[PDB]
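# Next input, structure requested:
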Amino acid sequence: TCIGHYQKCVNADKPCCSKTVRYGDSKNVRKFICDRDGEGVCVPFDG
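Numbers count the residues shown, from 1 in each chain. Coordinates below:
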């Protein structure tokens, strides 16, 4: 169900999960949006 990183969105309708980092005072919420402007895959985002 949940996607990982750099997945096909064009020929695949799957929910792009969010990889949020932990540990340490500095946090980071790595998201994944379906980009269809270049090729058509879900790449990292949010920042």
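# contact partners of stretch 28-43?
The contact list for stretch 28-43 (Cβ atoms under 8 Å, 6 or more residues apart in numbering) reads 3, 5-11, 16-21, 44-47. Just so you know, the C-beta spots here come from the backbone N, C-alpha and C atoms, and that holds for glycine as well.
# same thing but 7 Å
Applying Cβ atoms under 7 Å, 6 or more residues apart in numbering, the contact partners of stretch 28-43 are 3, 5-10, 16-21, 44-46.
# Just grab the bridge partners of the most centrally placed residue in the chain for me.
Per Cα atoms, centre = their mean, the C-alpha nearest to the average position across the chain is that of residue 32, at 1.7 Å. Beta-bridge pairing for residue 32 (DSSP bridges): residue 44.
# and it, how far is that from residue 16?
Per Cβ to Cβ, to the nearest Å, residue 32 is found 4 Å from residue 16.
# got it, and residue 25?
Using Cβ to Cβ, residue 25 is found at 27 Å from residue 16.
# These two: which is more packed in?
residue 16 (20 against 4; other Cβ atoms under 10 Å).
# what's the helix or strand for the most far-flung residue of the chain relative to its centre?
The C-alpha centroid of the chain is most remote from residue 25, which lies 23.0 Å away (Cα atoms, centre = their mean). Assigned by DSSP states H and E, residue 25 falls within no helix or strand.
# Now it: phi and psi?
phi -70, psi -30 (degrees, to the nearest 10).
# nearest residue to residue 20 other than its sequence neighbours?
Excluding the flanking residues, the one nearest residue 20 by Cβ to Cβ, 6 or more residues apart in numbering is residue 29, at 4.6 Å.
# Determine the number of other residues adjacent to the one you found.
Neighbour tally, residue 29, other Cβ under 10 Å: 11.
# Would you mind measuring from the nearest residue to residue 3 once chain neighbours are set aside to residue 26?
Spatial nearest neighbour of residue 3, chain neighbours left out: residue 16 (4.6 Å); criterion: Cβ to Cβ, 6+ apart. Going from residue 16 to residue 26 by Cβ to Cβ gives 24 Å.
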